[PDB]
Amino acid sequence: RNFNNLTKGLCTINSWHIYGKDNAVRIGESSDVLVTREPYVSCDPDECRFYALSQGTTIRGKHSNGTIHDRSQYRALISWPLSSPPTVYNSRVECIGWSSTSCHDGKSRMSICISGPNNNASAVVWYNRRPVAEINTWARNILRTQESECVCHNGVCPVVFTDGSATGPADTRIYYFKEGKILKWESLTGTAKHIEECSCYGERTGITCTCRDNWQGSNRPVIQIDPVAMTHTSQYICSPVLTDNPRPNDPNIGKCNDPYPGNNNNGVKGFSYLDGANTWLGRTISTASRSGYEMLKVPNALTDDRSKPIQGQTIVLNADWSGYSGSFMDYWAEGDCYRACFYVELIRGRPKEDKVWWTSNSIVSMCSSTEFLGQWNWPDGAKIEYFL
């Protein structure tokens, strides 16, 4: 077939509709559901699937004890059918490791998994389900990547990596792959001061990634990538509507070219859609912890350091646990525009619910509507007491 080209703009976002939900923890109470975390969603030209890092055990399995741990030899990127839960019997292993990204270029899928000890990790780049290229750690401190889908244009698929400290300056690189081969890489440039866990989407203007500053900032850094020239810039979302977690309260002036201060050495993966007057930002409702989730329409959030919300939608009540969130779109859908989508990881278990000894999650996902739809809220839905 042919490589996909980013030839459309975003659809107008007037509200968000339910797209997928797997109820994995509810079902896993009484089924062979794998413990996971760091989920995402990614489409092929003929199917969309859920993705996540398995922990190599089921929830009811005794090996679920200790799964708060992020990195082990028992983790792997798995995918499974949209809105099904990740079961032992329906999950397809994409590659082995504890940090990942994946995207389809229109012809085949590229998946990248990083594994190894903290001081000697390596990425293996798979294309069309075969290993093609490998990248060794350059800073010997937890080589790591997006934890959500990458995006491709005319065969070129950029991916953001970081290696180095999580609590100070680190070495971030943007890699440009084609058919799994390394075309080029560049060191991070621009005014973003620290980069983790980029959430990306593409449209005719280029590729936009909204990341996590784990060091000093509670505004989110943004990397904008031209996949044709294979170049990028970076800054922060200018808006005073702050979207990392934990975070300070919203001021009236944001920061475009430096971290907004108040919270250090922590954060959460998140996302945004930055599209002028059609801009929407995602964030946890709580400023203290990974609870709740909302979308806020914030015109020109990227560039306007005074911008505030003019519309919103609650996705998960503050009373309910959330977690990581990221962007994806069905680039192969019919129509004249790309419909913005996102997922929210709904983390259950440790550290917040420590009566159980495991940590897992379920997934909820939404896409945009041009209608102004009524809102519901979407909890994980499992009762912790049932697992005791």
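Residue numbers here begin at 1 and follow the sequence given.
When the mean C-alpha temperature factors of 161-169 and 81-89 are read from the deposited coordinates, 161-169 comes out higher.
Judged by mean Cα B factor in the deposited record, 273-281 ranks above the other of 95-103 and 273-281. Of the candidates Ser291, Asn154, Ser218, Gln313, the PDB record gives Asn154 the highest C-alpha temperature factor. Between the residues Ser111, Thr233, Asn120, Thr145, the entry's highest C-alpha temperature factor is the one at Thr233. When the modelled residues of the chain are ordered by their C-alpha B factor, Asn23 lands in the lowest third. Per the PDB record, residue ranking by Cα B-factor puts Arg49 in the lowest third of the chain. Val364 sits in the lowest third of its chain by CA B factor, as recorded in the PDB entry.
Among all modelled residues in its chain, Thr67 ranks in the highest third by Cα B-factor. When the modelled residues of the chain are ordered by C-alpha B-factor, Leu317 sits in the highest third.
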